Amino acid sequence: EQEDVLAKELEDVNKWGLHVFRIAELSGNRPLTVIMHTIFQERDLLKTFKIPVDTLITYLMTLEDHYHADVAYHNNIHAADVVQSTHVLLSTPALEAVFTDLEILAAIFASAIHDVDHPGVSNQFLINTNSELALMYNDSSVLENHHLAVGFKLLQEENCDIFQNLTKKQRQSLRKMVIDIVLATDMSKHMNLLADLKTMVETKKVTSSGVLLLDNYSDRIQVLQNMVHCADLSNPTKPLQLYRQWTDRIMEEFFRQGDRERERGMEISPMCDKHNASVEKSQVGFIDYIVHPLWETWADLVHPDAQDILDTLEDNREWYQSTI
């Protein structure tokens, strides 16, 4: 029974290193729909926010349909992966729960739409090719603004408004939080985001029970920004067999961008030249300069709830280094 094996894999929905590619395979290329549906049922969110299950499934299906099947990395599997990853980091003891049912709905919904309709090329490529997207969004977080616009737009399709029974004030607060979160997935925001995460760790305050003490929205949205950002950058922290599949996919997507750049005689973007790549050195550099500094700071913030995640990252870094 297909549906039995799928049901069994989804029993790991609360675990880092959730088996996501087989869930993709077993669900008929519907990992975003089935993982979101599971997390919503797991979190009682359909009953809390009076979401008709058919409206939930209708939207998730349409949303998943607007992820490109022919994009190697930024597709529905990556969205499902970021959703489930955010789902875990929300339930860390040092934060669980400290985010209301609305900001939890925000981080999850934002994770689900955060790359929707991704064309498989970078903001810089879109800027350099005088794309309609870069023309629309004035070269600023072009992809991320588009992801938001599509993710919200699809709510207006027939029987897709999963927020229909939220109050108008809940809809507004949720909308702002989702926008704030998704716009923060733009990698050009990473350094300022991490600096602000570091500042917060230095002035950190917690319960004796352990729960982190955040008072104002400015700090709570910033933890949710860095959380989804961490989930977006969580591939090198997953078990190696998952990590290596993500590396294959992102390198395939980079390489095809470099193919489009070479056809047009454009400068080939970093890591995008399949005739001049070092996949392994790139992963080590990626970990050393982006992923580990971010996850070391996040681990401090939720100390010690992220130790196993951080441990896996450092094991994977050591392994990739050893392939050089």
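The first residue of the sequence shown is number 1, and the count goes up from there. Whichever C-alpha set is largest while still superposing within 1.5 Å between the two forms counts as the rigid core.
In terms of root mean square C-alpha deviation after superposing on the rigid core in 8 other deposited structures of this protein, the stretch standing farther out between 204 to 212 and 83 to 91 is 204 to 212.
In 8 other deposited structures of this protein, superposed by the rigid core, the C-alpha atoms of 261 to 269 lie farther from the shown form than the other of 26 to 34 and 261 to 269. In this entry, the higher average B-factor at the C-alpha atoms falls on 45 to 53, of the pair 31 to 39 and 45 to 53.
The stretch with the higher mean CA B factor, choosing between 5 to 13 and 303 to 311, is 5 to 13. Of all the options 212, 142, 179, 251, the entry's greatest CA B-factor is assigned to 212.
Reading the B-factor column for the CA atoms of 186, 132, 103, 81 in the entry, the top value corresponds to 103.
Among the modelled residues of the chain, residue 163 sits in the middle third by CA temperature factor in this PDB entry. Per the deposited record, the Cα B-factor of residue 264 falls in the highest third when ranked against the other modelled residues of its chain. When all modelled residues of the chain are sorted by CA temperature factor, residue 146 is found within the lowest third. Sorting the modelled residues of the chain by their CA temperature factor places residue 203 in the highest third. Remark: residue 275 belongs to the highest third of its chain, ranked by C-alpha B-factor as recorded.
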